[PDB]
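One structure below.
Each reported figure results from applying straightforward, stated rules to the coordinates on display, with no laboratory input. Neighbour counts run over all protein chains shown; Cβ positions are idealised from the backbone, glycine included.
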Amino acid sequence: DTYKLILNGXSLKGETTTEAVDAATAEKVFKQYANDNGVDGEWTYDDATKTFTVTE
């Protein structure tokens with residue numbers, strides 16, 4: 001499936017996607033996307049829309 005990440009770094013906001021076989025794999029890829037851009041913080045996941053958020 002396609003998973004989405006909404007990144008909120010404050011002034012900087014990102015929206016990306018990844019194809020993954022499951023949510024756990026998408027999550028790991030999204031975790032590395034977030035920290036590559038200096039965003040470490042609070043995570044949420046909505047399985048109904050396959051949408052993660054990470055907020056500084």
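Points to keep in mind about this one:
- In the stretch 19-30, residue surrounded by the fewest Cβ atoms within 10 Å (Cβ to Cβ) [restricted to those that are without any contact (Cβ under 8 Å) to a residue 12 or more places away in the chain and in a helix (DSSP H, G or I)]: 24
- In the stretch 14-43, the residues that are of a type in the set (D, E, K, R) and over 10 Å from residue 54 (Cα atoms): 15, 19, 22, 27, 28, 36
- Picking from residues in the stretch 31-40 that are assigned to a loop (DSSP other than H, G, I, E, B) and touching a residue at least 24 places away in the same chain (Cβ under 8 Å), the one that is nearest to residue 8 (Cα to Cα) is 39.
- Taking the criterion of being in a loop (DSSP other than H, G, I, E, B) and touching a residue at least 24 places away in the same chain (Cβ under 8 Å), the residues of the stretch 42-56 that qualify are 47, 49, 50, 56.
- Test: residue 15 is surrounded by 13 or more Cβ atoms within 10 Å (Cβ to Cβ), of a type outside the set (A, V, I, L, M, F, W, C) and in contact with a strand residue (DSSP E or B) (Cβ under 7 Å, 6 or more places away or on another chain): no
- Enumeration of residues in the stretch 1-18 that are part of a strand (DSSP E or B) and touching a residue at least 40 places away in the same chain (Cβ under 8 Å): 2, 3, 4, 5, 6, 7, 8
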